[PDB]
Every structure is written in C-alpha cells, then in structure tokens.
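> this block holds the first chain(s) of the complex, placed as they are in the complex; more will follow:
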Amino acid sequence: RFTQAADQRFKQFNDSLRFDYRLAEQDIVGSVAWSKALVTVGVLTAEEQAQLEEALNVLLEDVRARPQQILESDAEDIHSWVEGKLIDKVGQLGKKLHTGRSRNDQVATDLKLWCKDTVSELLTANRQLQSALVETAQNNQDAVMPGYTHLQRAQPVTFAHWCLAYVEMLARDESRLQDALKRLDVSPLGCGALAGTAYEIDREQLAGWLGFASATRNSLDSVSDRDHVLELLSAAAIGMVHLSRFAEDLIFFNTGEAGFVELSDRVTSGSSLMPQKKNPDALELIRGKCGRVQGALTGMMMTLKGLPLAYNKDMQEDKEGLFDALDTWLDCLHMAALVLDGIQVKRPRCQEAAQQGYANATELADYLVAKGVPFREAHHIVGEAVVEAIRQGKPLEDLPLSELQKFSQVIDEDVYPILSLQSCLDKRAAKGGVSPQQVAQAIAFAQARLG
C-alpha cells in the first residue's frame, strides 16, 4: 500500500501533462509538419500523410474548442497524450508518425513554436500599454507637476513627459522581444535524441513547413538549448522592472500627501477594517509580481547551470516558470493599461506642489549672475530670498518688487516672467526636454510610430 503510494508519488513527481498541456496546439501542428518530412524520406506514402493530417486537424479543432479534456487523461505528457488520441483515430499509423523523431527534438520544437505565439501576444499587449500611455500624455500636457530626484522636488515636469518616459522603456522592451524572436526562430526538428535523425530529411525544408526561418546547425545543441527561455525571461524581468517603477511612481502620486492622481473604482479595492480606504491594489500587485518573474529567471539559470549535454530530465523544469512569468507579464501589461484608462490627474494639486519646490531659485540665481552679482554672493542672496519666501508661505514670484529689491537692488520688473513655471518649462527645449512644444512633438511622433 505504501509502496503503491510511493510509486503514485513518483508518477506525479515525474509527469508533465499538468503544465505541458499548454503545448497541445504546437505539438499538433508540429506533428503535421513532421508527417510531410517522412514522405520525402519514404517512411510514409502520401495517403497515410493525408489521413494523419486529417486526424490532427480534427484533434486541433477539438483541443481549441475544449482544452480541459487533456487534463482528464492520465497520460504522462502532451506528446504521449496526442499520440494516444492519434491512435484512436488512425490506429498504429499514429505511432509510425514518431519514426525518426524523439521527444527531445519534439519538445524543443513545441516549446519554440509556443514562444513565437506568446511573443506575438506580448508584443500586442506591450504596444497597447505604449498607446495607453501616449493617450494619457495627450490628455495631460497641461499637468505641470514636480519632477523628482531622490524623491525631492526638482525641476518641474508635466504628467505627459512622465508618461512618455515609460513609453521609451516599453519601446526597448519591444525591440528586446523582436530580437529574441528572430534569434529563436530556428527549427530544432530532425535532431533525433541528440545525434540527428537517422534519415535524410531535409531539415531546412522541414523548418519552412514549421514556419521557422532556418534549421539548427548542431543536433547536440538543438536538444539541450534553452537560451530562448532565458532570454525571454530576461526580457520579461526587465519589462517587469519597468512596470514596478511605473507602479512605484503612481502609488506615490496616489498618496494623500501627494494627491496628484486619483484612480478609478474599477481598478482599486477597499479595506475589510477601515471604511475609508480606496487602495491602489492593481498597481501594488503589478510591482509585487516583479519577483515571480525574477524568480522564474533565476530558477531557469540555476537549472541550466552546470548541466551536462545533451538532454537531461532537469529540462522538464523549463516550462512552469516560463509559463507563469509570461502570463504574469501579459497580465501586468494589460492591467497597467486599464489603470491608465480611468486615471484622473489632479492638476491644481500637481501645480501647487511644483510651485512649493522653489526650483526657480536657480533661474533667480543666474538672473542675478546675468545682472553682474558674483556667483557665491548670488547663491547666498537667493538662499536668503528663499528662506524669507517660505517664511511668508509664498513662491519667489509672489514677493512684491520692493521686497525682492531688499535682497538685491538689481532685481527689476523683468524678473517675474523669468521666474514663471511656463518660462522654466520652455527653457528645456532640446530633444526630450520638458518644454510643452517638445513634449507635444514627442506625443505626435509616438502616435505615428505606434499606429
């Protein structure tokens, strides 16, 4: 009894179906393609290939329309599940299909086909966040707020420029995904268990049937290679780092202390104890989820580190992490878009905090330096003027001319336009600077580029 329990434990420990069912569709189209290779190589007649294709097409439509059926079976993995469902439709012809093929090059192929499908969905979700960000930017070009270094008020910025910062981060995530795609777009099918098919299959022809751009150059490498999962996990970890920063900023902007931003009821939840709470749960989950992506990355690295060639059962650990991390990344991309959709920027509070920063003390200092006051003395004087202004509870620009002239006689009426928030924005007029004219052009450039 406890022997049987132990054997059943071993079967659960060993089996992969419960996560690799996720590869059903890829295993099936992969099988279609192999079947054609076998014809070129004289194992299958053209008729057996058509019957096999027919049964695989029916199975594909059935898995699409009801994926939950796979997990009803006690098959050990999908390859064996698909094989079993093939034999029901076609008899021993569904075993003959595995001729010249191994589970090692089979799963390598399925996995890369899955990555292609998934990178595609990630590219879309990523482009959608960019577009959500750019749209948010368009509607908040007038939202002047404090920029931050060290979480201290620095030169003022606009909410729009803040959005386009994340657009840029996301644009690099997009090219990272594109590059990973091109690099993984190589068919490992026809590589046998480790040393190649024992048939004269045309692997480049086979790759074409699979939709891959070329075939792998080395069978040992083909069966042992999981770079694409490491690289996709890297891309995801960096993407999630981006989203964790976005979340951190929005959560600060969302504090009662800041009051910069109000989030929608759709994307927010309450407290079981505290009747007033409206918490940024979605933003917090997005940053909390950075860790599981990172863990998936670390785990895959550790799994592959020190692993001898060619194939090893350790490599069955390549899927759960990848699946979880890419699902997470996709969910976070969607959720970040959703948060933006309902966001309200509280413009007066943003501007009030911008003005309580005294960044224009700089502009005062070199107004004075431009008027001839020595550097050291200029800074001393503005320092004094700033202390007095906070004592009176007003911005520098709010001091009457008679008051400012007590700090330096050279200050005149022309000081006031030079101290304005608008003036300080308009000076940053180089590419990527925060002047409204530049931000406006960046939004337009991103609209055109994003479609």
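Cool, the structure landed. Numbering: from 1, shown residues only, chains lettered A, B, ... in the order given.

> could you measure residue A:303 against residue A:296, distance?
For residue A:303, the distance to residue A:296 equals 10 Å [CB to CB, to the nearest Å]. Placement of C-beta: from N, CA and C, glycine included.

> quick one: which of these two has more around it?
Neighbour tally, residue A:303 and residue A:296, criterion other CB atoms under 10 Å: the higher count belongs to residue A:296, 24 against 19.

> where does the more buried one fall, secondary structure wise?
Remark: residue A:296 resides in helix A:290-304, with elements defined by DSSP states H and E.

> show me the strands in the stretch 201-350 of chain A, by range?
Using DSSP state E, counting those that start in this stretch, the strands of the stretch 201-350 of chain A run over residues A:214-215, A:261-262, A:344-345.

> turn those strands into TSV, columns for mean neighbour count and distance to residue A:369.
Formatted as TSV, the strands of the stretch 201-350 of chain A follow (neighbours: other CB atoms under 10 Å; distance: least, CB to CB, whole Å):
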stretch	mean neighbour count	distance to residue A:369
strand A:214-215	16	63
strand A:261-262	20	37
strand A:344-345	16	35
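
> a markdown table for the ones you listed, including distance to residue A:399?
Shown next, in a markdown table, are those (distance: least, CB to CB, whole Å):
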| stretch | distance to residue A:399 |
| --- | --- |
| strand A:214-215 | 71 |
| strand A:261-262 | 31 |
| strand A:344-345 | 29 |
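
> and of those strands, who's closest to residue A:423?
Counting by CB to CB, residue A:423 lies closest to strand A:344-345 out of these; the figure is 22.1 Å.

> need the contact partners of that closest one.
A:140, A:143, A:159, A:260-264 (CB atoms under 8 Å, 6 or more residues apart in numbering).

> from the residues you listed, list the buried ones, please.
For the contacts of strand A:344-345, a burial check counting by 16 or more other CB atoms under 10 Å picks out A:140, A:143, A:159, A:260-261, A:263.

> what's the most distant pair in the residues you listed?
Pairwise distances across those (CB to CB) peak at 15.4 Å, for the pair A:143 and A:263.

> tell me the domain ranges of chain A?
Domain segmentation of chain A under curated CATH domains yields A:1-101, A:102-356+A:428-451, A:357-427.

> quick one: end-to-end length of the last one, please.
Domain A:357-427 has an end-to-end distance of 17 Å (criterion: CA to CA, to the nearest Å).

> now the second one
In domain A:102-356+A:428-451, first residue to last residue: 44 Å (CA to CA).

> what of the first one?
Here the two ends of domain A:1-101 are set 38 Å apart, with distance taken as CA to CA.

> how far is that domain from where the chain is centred?
Put simply, domain A:1-101 sits 32 Å off its chain's centre (CA atoms, centre = their mean, to the nearest Å).

> now the phi/psi pair for residue A:264, please.
Note on residue A:264: its backbone torsions stand at phi -70, psi 150 [degrees, to the nearest 10].

> next one: the one 4 residues further on
Dihedral angles of residue A:268 (phi, psi; degrees, to the nearest 10) stand at phi -150, psi 160.

> check contacts around the residue lying closest to residue A:331 once chain neighbours are set aside.
By the measure of CB to CB, 6 or more residues apart in numbering, the closest residue to residue A:331 outside its immediate chain neighbours is residue A:289, 7.8 Å from it. Counting by CB under 8 Å, 6+ apart, residue A:289 makes contact with A:240, A:328, A:331-332.

> ok, residue A:289 to residue A:329 distance?
8 Å.

> tell me, what's touching the two both at once?
Taking CB under 8 Å, 6+ apart as the criterion, residue A:289 and residue A:329 both touch residue A:240.

> chain B should go on the structure too:
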Amino acid sequence: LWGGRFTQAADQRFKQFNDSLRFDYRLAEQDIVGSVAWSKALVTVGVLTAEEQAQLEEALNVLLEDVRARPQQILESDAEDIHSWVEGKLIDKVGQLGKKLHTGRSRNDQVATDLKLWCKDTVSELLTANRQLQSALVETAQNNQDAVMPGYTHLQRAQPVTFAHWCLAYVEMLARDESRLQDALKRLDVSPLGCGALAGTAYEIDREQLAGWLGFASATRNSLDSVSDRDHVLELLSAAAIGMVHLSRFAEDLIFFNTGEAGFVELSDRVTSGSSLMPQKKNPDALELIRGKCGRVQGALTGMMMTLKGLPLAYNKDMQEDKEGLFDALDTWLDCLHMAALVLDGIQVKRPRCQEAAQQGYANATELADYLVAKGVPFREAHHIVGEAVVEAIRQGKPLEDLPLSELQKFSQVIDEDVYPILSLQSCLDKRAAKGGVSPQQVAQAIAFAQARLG
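Next up, chain B placed on what we already have:
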C-alpha cells in the same frame, strides 16, 4: 467585506487579477480555526455574548468539517479570498451574527496568522521528511560499510572512502537543515492576531490569551511590524534553498555513480527509465528531477526578497505574492526529500567495480608521502618526491605498488619493503582513524552515533 466607500464595481479583469481565492483556499482550515479563537477574544471585550460566540463556533465548526471533507468546493465560489468566503458562508448560516465576527480585525492581521499556522504544520512535515531521509541514509550506511570506493575532489580520484562515509556526509548536511527548520519554527511561533490593520485592535483584548488559544508561544510586540512581517517566509525559503542545494549535490553524485563510466551503483526500476534493448542503462529520472527542481526553490526565494525589498510600512498588497511562492517551494522541497528516500531503498552498490576504481588514479600517493614522513622526510619534500614517482609510474602505466623497490629507491633511498602494506586499500582506510575519518572503526562509531541521535 468592503464596498461602502465605492460607487462602482470592480472591472472583471481587475477581479481576476486581484483575487487570491484560487490559491489562498489552502488556508481554509487555518482561517476558520483563527476565526474561532477570534470569536473568543470578542466575548472578552463585550462585542459578542457567550451564546453568540457559542453559536458562531458551531457554524464555523460546520464549515471546518465541510472544508476538510472537500476543499475543492471552495473554488466553486467567486469570493475574493478565503476570508470573504468564510464570512459569506457564516452569514448564510447565522445571518446578522456573521457580520460581527470581523470586529476589530483586519485581513492583514488574519492572513498573517493563517500563514504562520500553516508554516507550523508544514515545518513539522519537512522535519518528518528530513528525518526519514537521514535515517534512510544511516541504514544505507549500515549496510555498505564494506563498500570501499574512490573519493573525489575536483571529480578527481583523491583518496579511498566508503559508500557508508558518503551516505553519512549527507546525514550531516540534513541535520543542519533540520536544526535550521527548528530555529525558524521558534522565531515564527509568535501570534500576530489582534494587531488590526497596522495600529492594533481598538479593543482591550488580551493578545497573550489569544496566542494561547491559537497554540502560539507568545504574541507579537508591535502591530506595525506584525502586519508587515514576512521574515518567516524568507527564512523558510532560504532553509528550503539550502536544503535543495544539498539534494542537488546528492543528485549529482548518484547520477555520476550511475554512469557506464563509473558503474558504482544500480538503482531501482521504480525510480528510473530505460529500454528493454539495453537493460543495463538506467536513466536516473528521480535524481535528475530533484536537481532540476533546485531552481524553482531558489526562484521563490529571490522572488520573495524582491517583492519585500523597498516596501514601506506596514501592510502592502504586494505581500499577497508570498503564498504561491512559499506553497510551491515547500511542496517541492517535501517531494524531493521523499524521492531522495525512494531512490535510497533498493539502491545496490556494485562492490567489485567500486573497489577496482578505488585502487586506480594513484589514490594511495598520500600514504607514500606519509610513509616518508614517518622515516623523517619533511612532508613538503615527501610530497614532491612522490609526485615524481607518480610521473614515472604513469610513464610505465603501473600503480605505485607495482613499482619494484629498486625503482622506488631512485626517488628516495629511505623506502624499504615495508612501503607495500602501506599502499594497500585497507591501510588507506585504517589510517584515517581520527573523528569523522574513514577508518572502519570511525565509520562504525559514526553510524552508531547517528542511529542513537535519530532513534
């Protein structure tokens, strides 16, 4: 549990993203048991009458027995989490009374308690699994005291050892895992319940009495810390990570001993796969999976560290990410401890091959240096001398013992016919007579000591 502050419902995609039920239902028993203890705190302080508490306990116990019978039923609900699920089922059963149970409590409070209760049970199981492995290793050692084999450093033939000694090496690793689990359990055996959402319950509850009801050793000293603390998850993950490193080395060793090249070990069919064509080759499936599974435990560790890093006080929603990581990592560690034990029974050590290999690679060269020392030759000099003898032995393709005396005396004139008994396999073992050494008497003393420590 909330909604009065809200004018609009959650978006469907937010609900799927935010809900914890699909995994926190694992805490059902703990949640209900904590709720019972909380109902008692509430009497103490006038929120509930004695008969109201008795009535809540009845309904909670019904839920407990229902949930024990088929936990899966929980997942039929669209409840946000296990806490809302319990409260909702209480209300169905007792009406308005069910709306009273959450007085003075928060989910921050509740989940912190539920998770520590679950850790206690899980650590216990890990401890049990760790001890069976130790004791399975000890028994394998018992039965393989005579299996001289090569010892390795750098995967190079070092000095002879025995398979018993190898086994006991892993016993020592596991015993430190065991003590790490015990120390972690002590630190975590502290009740956070009664700390509200961060600042305390607004009630004169006796939190040490509450701890007693829950089976904890004491109550936490600071509400802010209590609702925000996940040290115990990091500490358990880190113990699991170390434990999994040990298992990965165990895996690496056996997979190596199982090669056609070594041939030291035959494993059971129960734990391997292979082909009827080549019944000699067994793929070490369980072992490969044990070492492969090290990563996900390492990943859970890194992941929880990252999620906790830079988080302000007190509770934050990020902390909902603790459970999935911990569940996976401790389940993995438990399964690997069980499979390691499964691999050990029916394992067979192939003695003739082990012994043959133990006599190769000039693994007796230390004995010659030591022999030179005993004749007065400074160890460093002896070492150099023997190294050169090895270079000549390699050149002749002979073991040191097969070098004629006249040849050996070219290296040192002090060498006489008594080197030869010193080069034997049995003498390599006998000479290592200090504690933790490989002599037959030391290994026997170590086996007997491990048997006593574990019995």
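
> and the contacts of residue A:289, now that chain B is in?
Contacts here follow CB atoms under 8 Å, 6 or more residues apart in numbering or on different chains; on that basis residue A:289 touches A:240, A:328, A:331-332, B:321.

> report the distance from the helix holding residue A:296 to the chain centre.
15 Å.

> skipping adjacent residues, who's closest to the residue of the stretch 351-451 of chain A found nearest chain B in space?
Nearest residue of the stretch 351-451 of chain A to chain B, counting by CB to the nearest CB: residue A:353, 19.4 Å away. The shortest distance from residue A:353 to any residue other than its chain neighbours is 5.2 Å, reached at residue A:146 (CB to CB, 6 or more residues apart in numbering or on different chains).

> quick one: secondary structure of residue A:145?
Classification of residue A:145 using DSSP: H, G, I helix; E, B strand; the rest coil returns strand.

> wait, it touches residue A:353, no?
Yes - Residue A:145 lies in contact with residue A:353 (CB atoms under 8 Å); the separation is 6.6 Å.

> so between the two, which is more surrounded?
Neighbour count, other CB atoms under 10 Å in any protein chain shown: between residue A:145 and residue A:353, residue A:145 has more, with 28 against 18.

> quick one: contacts for that one?
Counting by CB under 8 Å, 6+ apart, residue A:145 makes contact with A:156-159, A:162, A:260, A:350-351, A:353-354.

> of those, buried ones?
Burial by neighbour count, 16 or more other CB atoms under 10 Å in any protein chain shown: within the contacts of residue A:145 this picks out A:156-159, A:162, A:260, A:350-351, A:353-354.

> mind listing which of these are in strands?
If you go by DSSP state E, the buried ones among the contacts of residue A:145 have A:156-158 in strands.

> quick check, the residue in the stretch 101-250 of chain A closest to chain B?
residue A:248 (8.0 Å).

> do the same with the stretch 51-200 of chain A
Closest point on the stretch 51-200 of chain A to chain B, by CB to the nearest CB, is residue A:76, at 10.4 Å.

> might one say that that residue is in contact with residue A:15?
Yes - contact criterion CB under 8 Å: residue A:76 and residue A:15 qualify, at 4.7 Å.

> specify the local secondary structure of the nearest residue to residue A:401 once chain neighbours are set aside.
Excluding the flanking residues, the one nearest residue A:401 by CB to CB, 6+ apart is residue A:413, at 6.6 Å. Taking three-state DSSP as the rule, one finds residue A:413 in the coil state.

> burial measure for residue A:413, as a count.
Counted with other CB under 10 Å, residue A:413 comes out at 7.

> phi, psi of it?
Dihedral angles of residue A:413 (phi, psi; degrees, to the nearest 10) stand at phi -60, psi -30.

> would you tell me which helix is longest in chain A?
Ranked by residue count, the top helix of chain A under DSSP state H comes out as helix A:103-139.

> off-centre distance for it?
Its chain's average C-alpha position is 9 Å from that of helix A:103-139, according to CA atoms, centre = their mean.

> what count of nearby residues applies to residue A:306?
Around residue A:306 there are 10 residues (other CB under 10 Å).

> now do the phi/psi pair for it.
Dihedral angles phi and psi of residue A:306 (degrees, to the nearest 10) take the values phi 70, psi 20.

> same thing with the one 4 residues further on?
Note on residue A:310: backbone dihedrals following degrees, to the nearest 10 are phi -100, psi -60.

> shouldn't residue A:263 be in contact with residue A:343?
Yes - applying CB under 8 Å, one finds residue A:263 in contact with residue A:343, separated by 6.3 Å.

> spit out the contact partners of the residue of the stretch 101-250 of chain A closest to chain B.
For residue A:248, the contact set (CB under 8 Å, 6+ apart) comprises residue A:287.

> just give me the neighbour total for the spatially closest residue to residue A:356 that is not a sequence neighbour.
With sequence-adjacent residues excluded and distances taken as CB to CB, 6+ apart, residue A:356 is closest to residue A:153, at 7.2 Å. Residues contacting residue A:153 under the criterion other CB under 10 Å number 18.
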